[PDB]
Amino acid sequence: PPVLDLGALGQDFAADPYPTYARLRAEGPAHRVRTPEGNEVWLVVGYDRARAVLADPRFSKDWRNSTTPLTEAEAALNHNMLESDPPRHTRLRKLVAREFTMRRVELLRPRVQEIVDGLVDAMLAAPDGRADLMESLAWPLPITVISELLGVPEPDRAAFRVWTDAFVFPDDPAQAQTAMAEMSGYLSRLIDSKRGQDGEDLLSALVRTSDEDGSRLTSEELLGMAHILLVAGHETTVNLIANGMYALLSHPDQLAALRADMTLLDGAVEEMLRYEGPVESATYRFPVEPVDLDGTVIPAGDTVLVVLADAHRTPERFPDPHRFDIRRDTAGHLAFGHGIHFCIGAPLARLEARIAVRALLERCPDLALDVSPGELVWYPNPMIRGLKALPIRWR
């Protein structure tokens, strides 16, 4: 079959990619596409095959296994655990695994609660009882939490929304590359500013680790670590909060059920992940050798994107897939991935989303979507499922 041009859609395809993916899945697990940006990649669709490929060591994450060239700015940031295989992956993840356990993350709850409380305070001061939920809460919450953990100073934080807007939806490819070079330059200076300062934030601890033994964490890896810990959880958590609140406000029966029984909160957040999680397609995977998927052979070195969004709409795995049901059995969803790269941030993301969702329901009487669903606009990006704005209102 010819390469499917996703740009030529659709539209449209950004607003509702699901029928496109489903049509592909009916034909088989693996498809050549051209993304709206213009890149020729493979999509893997269908829950069982997506789950298998996420964890299959035949599919590498190390760019040395890719035939796609990297720009200088891109290459400077790729020595990180998500863009590594064992043994490098194993070594890098061990340096920070203890910081992100459920137990350690649970210690942040009072502070996360305080941040949320103050953002909702500020939101509810609006004299017209209207806000954009992105601006008021979904954007500032995750950046505040992760900045405090890592040690990014408050005046430095606004620059990250500008850079992430550029990575997500860039005026042209060159502004994404400038954003990258700037962010890398900034992080290197931030890292340098910690040296000798006896800071106790995570970035300071990583700097001492690297300085004490460059074989345990090299200077490139120190920069890649600050980068991945900041970027991997940013656009994702922001959009979990926004997509999830959208799901709730556009399914009032479910909103009412959760209001009526707040013990349903954790399962509601799991169904937000399943139903409309922020990661539409996983990060790039590169076969180390050719891989046959049901008669379709993907060449060594090609780019493969696992379509988590389609996995989650596979009816054999999640019956009545297009129903948002906060009581659904969500076990096995792929929203945080699967296998050795499974999200290290999952406990922190869940903590943030659960506290945010609870705060909004509890403190916004008659909370409502303030435009019709058809008026919302989704960013076109093939990796991220995320809204431009989320107008809400309350009483």
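Residue numbers here begin at 1 and follow the sequence given.
Stretches compared: 221 to 229, 138 to 146. Higher mean C-alpha B-factor in the entry: 138 to 146. When the mean C-alpha temperature factors of 344 to 352 and 63 to 71 are read from the deposited coordinates, 63 to 71 comes out higher. Taking the deposited Cα B-factors for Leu240, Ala97, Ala300, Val162, the highest one is held by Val162. Comparing C-alpha B-factors across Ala311, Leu293, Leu202, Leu265 in the deposited entry, the largest value falls on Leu293.
When the modelled residues of the chain are ordered by C-alpha B-factor, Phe318 sits in the middle third. Annotation for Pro57: C-alpha temperature factor in the middle third relative to the rest of the modelled chain, per the entry. Ranked by Cα temperature factor within the chain, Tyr275 sits in the lowest third according to the deposited record.
Sort the chain's modelled residues by C-alpha temperature factor and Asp253 lands in the highest third, per the entry. Compared with the other modelled residues of the chain, the Cα B-factor recorded for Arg104 ranks in the middle third.
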